[PDB]
Amino acid sequence: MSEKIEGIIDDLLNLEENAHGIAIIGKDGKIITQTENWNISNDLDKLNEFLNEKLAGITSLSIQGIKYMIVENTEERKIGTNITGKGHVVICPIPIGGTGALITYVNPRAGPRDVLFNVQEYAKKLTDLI
(Lines give C-alpha, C1' and ligand atoms only; values in the text may rest on other atoms or scores of the structure.)
Protein backbone atom coordinates (compact mmCIF):
# COMPACT_ATOMS: atom_id res chain seq x y z
CA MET A 1 0.00 0.00 0.00
CA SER A 2 1.06 3.58 -0.77
CA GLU A 3 -0.36 7.13 -0.79
CA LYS A 4 -0.12 6.94 -4.60
CA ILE A 5 -2.61 4.04 -4.55
CA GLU A 6 -4.78 5.91 -2.02
CA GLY A 7 -4.73 8.96 -4.32
CA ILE A 8 -5.88 6.82 -7.27
CA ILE A 9 -8.76 5.31 -5.26
CA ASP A 10 -9.85 8.73 -3.95
CA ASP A 11 -9.77 10.08 -7.52
CA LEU A 12 -11.89 7.15 -8.73
CA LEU A 13 -14.45 7.58 -5.92
CA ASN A 14 -14.78 11.32 -6.60
CA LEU A 15 -15.02 10.75 -10.37
CA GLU A 16 -17.32 7.71 -10.48
CA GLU A 17 -20.56 8.45 -8.58
CA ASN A 18 -21.73 4.83 -8.72
CA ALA A 19 -18.56 3.38 -7.21
CA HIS A 20 -19.80 2.70 -3.66
CA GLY A 21 -16.91 0.56 -2.44
CA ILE A 22 -13.40 -0.44 -3.50
CA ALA A 23 -10.98 -3.26 -2.83
CA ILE A 24 -7.61 -4.02 -4.41
CA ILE A 25 -6.08 -7.49 -4.66
CA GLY A 26 -2.33 -7.49 -5.32
CA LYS A 27 -0.68 -9.69 -7.95
CA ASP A 28 0.24 -12.10 -5.13
CA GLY A 29 -3.45 -12.64 -4.30
CA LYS A 30 -3.39 -10.63 -1.06
CA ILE A 31 -5.54 -7.60 -0.17
CA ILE A 32 -3.66 -4.32 -0.51
CA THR A 33 -6.53 -2.10 0.68
CA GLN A 34 -10.31 -1.74 0.86
CA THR A 35 -12.83 0.96 1.77
CA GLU A 36 -14.13 0.84 5.36
CA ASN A 37 -17.77 0.14 4.41
CA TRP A 38 -16.95 -3.46 3.53
CA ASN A 39 -14.61 -6.36 4.18
CA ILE A 40 -13.75 -8.99 1.56
CA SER A 41 -11.10 -10.67 3.75
CA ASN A 42 -13.17 -13.74 4.69
CA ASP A 43 -14.04 -14.35 1.01
CA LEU A 44 -10.53 -13.96 -0.48
CA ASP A 45 -10.04 -17.64 -1.41
CA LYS A 46 -13.32 -17.70 -3.36
CA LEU A 47 -12.53 -14.32 -4.95
CA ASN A 48 -9.08 -15.51 -6.10
CA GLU A 49 -10.58 -18.75 -7.44
CA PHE A 50 -13.04 -16.71 -9.53
CA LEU A 51 -10.46 -14.12 -10.62
CA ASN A 52 -8.06 -16.79 -11.92
CA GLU A 53 -10.49 -19.30 -13.49
CA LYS A 54 -9.60 -19.90 -17.15
CA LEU A 55 -12.56 -19.71 -19.54
CA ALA A 56 -13.09 -21.93 -22.60
CA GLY A 57 -17.60 -21.76 -15.28
CA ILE A 58 -18.38 -20.12 -11.92
CA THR A 59 -21.94 -18.78 -11.95
CA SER A 60 -22.14 -16.98 -8.59
CA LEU A 61 -19.87 -15.30 -6.07
CA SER A 62 -20.63 -14.44 -2.44
CA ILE A 63 -18.87 -11.49 -0.79
CA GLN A 64 -19.63 -10.66 2.85
CA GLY A 65 -22.84 -12.72 2.70
CA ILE A 66 -24.23 -11.06 -0.44
CA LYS A 67 -24.72 -13.43 -3.37
CA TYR A 68 -23.84 -12.04 -6.81
CA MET A 69 -24.97 -13.79 -10.00
CA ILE A 70 -22.23 -13.71 -12.65
CA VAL A 71 -23.61 -11.94 -15.73
CA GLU A 72 -20.32 -11.11 -17.52
CA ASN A 73 -16.89 -12.75 -17.49
CA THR A 74 -13.98 -11.63 -19.66
CA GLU A 75 -10.25 -11.11 -19.05
CA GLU A 76 -11.00 -7.36 -18.83
CA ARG A 77 -14.07 -7.33 -16.56
CA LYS A 78 -16.17 -9.76 -14.53
CA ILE A 79 -19.59 -8.62 -13.34
CA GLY A 80 -21.84 -9.94 -10.57
CA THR A 81 -25.35 -8.73 -9.77
CA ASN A 82 -27.33 -9.41 -6.61
CA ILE A 83 -30.96 -10.06 -7.54
CA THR A 84 -32.52 -9.08 -4.18
CA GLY A 85 -31.50 -5.41 -4.59
CA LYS A 86 -28.22 -5.53 -2.65
CA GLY A 87 -25.95 -4.17 -5.42
CA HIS A 88 -23.36 -5.29 -7.97
CA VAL A 89 -19.66 -6.01 -8.12
CA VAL A 90 -17.25 -5.34 -10.97
CA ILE A 91 -13.90 -7.15 -10.92
CA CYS A 92 -11.23 -5.78 -13.28
CA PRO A 93 -8.09 -7.95 -13.47
CA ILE A 94 -4.68 -6.25 -13.29
CA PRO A 95 -3.17 -6.72 -15.78
CA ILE A 96 -5.95 -7.80 -18.17
CA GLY A 97 -6.41 -11.54 -17.49
CA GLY A 98 -3.98 -11.33 -14.55
CA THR A 99 -3.78 -12.15 -10.84
CA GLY A 100 -4.31 -8.66 -9.38
CA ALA A 101 -7.68 -6.89 -9.37
CA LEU A 102 -9.56 -3.67 -8.83
CA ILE A 103 -12.89 -4.59 -7.27
CA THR A 104 -15.77 -2.13 -7.24
CA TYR A 105 -18.99 -2.42 -5.26
CA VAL A 106 -21.65 -0.73 -7.36
CA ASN A 107 -24.57 1.43 -6.20
CA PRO A 108 -27.74 -0.75 -6.17
CA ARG A 109 -29.60 2.06 -8.00
CA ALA A 110 -27.17 1.90 -10.93
CA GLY A 111 -26.44 -0.76 -13.53
CA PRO A 112 -23.00 -2.38 -13.18
CA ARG A 113 -22.13 -1.52 -16.79
CA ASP A 114 -22.47 2.14 -15.71
CA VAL A 115 -19.07 2.10 -13.95
CA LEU A 116 -17.13 0.11 -16.56
CA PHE A 117 -15.51 2.98 -18.47
CA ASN A 118 -13.93 4.45 -15.34
CA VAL A 119 -13.09 1.29 -13.41
CA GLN A 120 -11.44 -0.43 -16.40
CA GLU A 121 -9.27 2.65 -16.97
CA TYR A 122 -8.37 2.98 -13.28
CA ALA A 123 -7.40 -0.71 -13.16
CA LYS A 124 -4.82 0.09 -15.85
CA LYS A 125 -3.47 2.95 -13.69
CA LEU A 126 -2.63 0.41 -10.98
CA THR A 127 -0.67 -1.98 -13.26
CA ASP A 128 2.82 -0.99 -12.07
CA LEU A 129 1.83 -0.29 -8.45
CA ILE A 130 0.38 -3.62 -7.24
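Residues numbered from 1 in each chain as written, not as in the entry; some residues may be left out. Heavy atoms only, no water.

For this deposited structure, the header cites X-ray crystallography as the method used and 1.60 Å as the resolution.

**Q** I'd like a description of the packing of aromatic side chains, backed by residues and values.
**A** We describe a pair of aromatic rings using the distance from one ring centre to the other and the angle between the two ring planes. What the rule picks out here adds up to 1 aromatic pair. Ring plane angle 55° and centroid distance 5.9 Å describe the contact between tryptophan 38 and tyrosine 105, whose orientation is recorded as tilted. With respect to burial, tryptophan 38 and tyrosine 105 carry one shared label: buried. In this structure, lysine 125 packs its charged tip against the face of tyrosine 122, placed 5.1 Å from the ring centre. (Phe/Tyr/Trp six-rings, centres within 6.5 Å; stacked < 30°, edge-to-face > 60°. Buried < 20%, exposed > 50% of the residue type's maximum accessible area, 1.4 Å probe, protein only. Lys NZ or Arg CZ within 6 Å of the ring centre and 35° of its normal.)

**Q** Would you mind going over helix α3 (residues 116–125) in detail, with residue names and values included?
**A** Taken together, the buried positions of α3 are occupied by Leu116, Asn118, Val119, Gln120, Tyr122 and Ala123. Close packing links the buried residues of α3 with α1 (3–15), β5 (78–81), β6 (88–94) and β7 (100–106). (Helix = DSSP H or I, 4+ residues; strand = E, 2+ residues; numbered from the N terminus. Contact = heavy atoms within 4.5 Å.)

**Q** Go over the side chain of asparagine 73 with me, naming the residues and quoting the values.
**A** Looking at the secondary structure, you find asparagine 73 in strand β4 (residues 66–73). Side-chain polar atoms of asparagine 73 contact the side chain of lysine 78, separated by 2.8 Å. With residues near it in sequence (within four places) discarded, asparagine 73 still touches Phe50, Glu53, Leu55 and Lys78. (Polar contact = N/O pair within 3.5 Å; in protein donor to acceptor, adjacent residues only side chain to side chain.)

**Q** Any chance you could break down the pattern of salt bridges for me, citing the residues and the numbers?
**A** With the rule as written, the count across this model stands at 4 salt bridges. The salt bridge involving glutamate 49 is made with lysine 46; its shortest N-O contact spans 3.8 Å. With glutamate 49 and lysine 46 both in helix α2 (residues 44–52) and 3 residues apart, this pair spans about one turn of that helix. Residue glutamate 49 is classed as partly exposed on the basis of its relative accessible area of 45%. Judged by its relative accessible area of 53%, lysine 46 is exposed. Here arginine 77 ties to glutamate 76 by a salt bridge, and the two come within 3.7 Å at their closest N and O atoms. With a relative accessible area of 14%, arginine 77 lands in the buried category. One connected set of salt bridges, linked through shared partners, spans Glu72, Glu76 and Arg77. (Salt bridge = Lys/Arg side-chain N within 4 Å of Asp/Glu carboxyl O.)

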